[PDB]
Structures are given as structure tokens and as C-alpha cells.
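One chain comes next, on its own, written out as C-alpha cells in the form deposited in one PDB entry.
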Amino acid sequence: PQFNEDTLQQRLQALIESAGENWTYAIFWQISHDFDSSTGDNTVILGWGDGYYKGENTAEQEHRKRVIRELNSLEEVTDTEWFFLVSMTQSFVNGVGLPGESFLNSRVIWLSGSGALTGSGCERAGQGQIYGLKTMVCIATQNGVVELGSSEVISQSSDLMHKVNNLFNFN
């Protein structure tokens, strides 16, 4: 009952393998700190912690396939795979974007349905919806922000919030 980084992948997997609903992936956004010489501030930054992808034109496909192979070094690549992948390089200043707003105000932000995502004025919600997501969720924890996405419209269930609560840290 006080989780650490070594179980984080296991807990993310547990979260959407045990889920009653059809979630496409889970992401954990870990906090880090970015000191700025210019102001002296140590701003909280949410960056990629870990993730678990479950899942379910030809030029674009060529590029994506090309990117996959390059990454292997260092068959279709679906929209949600790509979104999951592209998500790995994103980060968020505390208070900004879906994870940063979630973390700053210790919030559950539950966006269900395409219009909820496009009406949120939130950039990552908009990107998710472009890649076919219909539900996006951010839940602040003690150590960052848990995010869930799905290509289906999923209502907030108490079962899911229960599992979340048993798999991450809270104050």
C-alpha cells in the first residue's frame, strides 16, 4: 500500500486487463522538475512515465511503418497505436494541457464522447479524437497523472475508479 516505480508497468496492465470496459491504453505521466535559470522557478513537469497499450492512406502507412522499423533499431500501424507511440515524447507544464490541468488541481477529468473531446479546448483531447479516441480520462495521483483512452464512449464507472484507487498512490 505504497507503490513504487518497479511495479508501475504491472499496475498499468492490471488497470485495463481487469477493466470491465474496453480501454485501448493506459498511460502514467510522471512528475519531474525543470529548473529555470531565468526566473529561478522549479516548475513541475509531467512527462512520460510508462504506458500499456492494449489496442483492439498508403503514404501515411509508409511513414508509420518506417518509423516503427527505425525505433526497433534504436503490418499496419493503426491510429491508436500511433497516438500511443507519439504520446511518448509529449510533456506538460503543471496546469497546462489535459495531464497538467489534472495534476495542478488534483482532478479527475473524464471526457466521454467525441464532442466532449473536441469541446474541451484541450490540445491532447483534440489529438486523441483525431486518432479515433472517443473517451479520454486523466486522474491525478500523488506521483503524477493516470490517463486512459478508448475508441468507445465510456461512462465513468465506480468499478474503474475503484481499481484506479487500488493501483496508484493517493494523499
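So that the term is clear: the rigid core is the largest set of C-alpha atoms that superpose within 1.5 Å between two forms. Only residues modelled in both forms are compared. Numbers for residues come from their place in the sequence shown, where the first is 1.
Residues of the deposited sequence left unbuilt between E75 and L74: Unmodelled stretch: 10 or more residues.
Count up the deposited residues without coordinates from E56 to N57 and drop the result into none, 1 to 3, 4 to 9, or 10 or more. A long stretch, 10 or more residues, is missing between them.
Going by the B-factors listed in the PDB entry, is the mean over the C-alpha atoms higher for 135-143 or for 58-66? Per the PDB entry, the higher value belongs to 58-66.
Can you let me know which of the two, 34-42 or 114-122, has the higher average C-alpha B-factor in the entry? Higher of the two, by average CA B-factor, is 34-42.
Chain-relative CA temperature factor third for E17: Highest third - that is where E17 ends up once the chain's C-alpha B-factors are sorted.
Missing here is the form deposited in another entry; even so, the following discussion is about that form.
In a fit on the core, which one among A116, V44, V67, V108 has a Cα that moves 2 Å or more between this form and the one not shown? So the residue whose C-alpha moves 2 Å or more is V67.
Note whether the distance between the C-alpha atoms of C138 and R64 decreases (closer) or increases (farther) in that other deposited form, against the displayed form; the change is 3 Å or more. Pair moves closer in that other deposited form.
In that other deposited form, do the Cα atoms of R69 and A26 sit closer or farther apart than here, given a shift of 3 Å or more? Residues converge in that other deposited form, at least 3 Å closer.
With the rigid core held as the fitting reference, name the runs of three or more adjacent residues whose C-alpha atoms all move by 2 angstroms or more between this form and the one not shown. Run with every C-alpha shifted by at least 2 Å: 57-74, nothing else.
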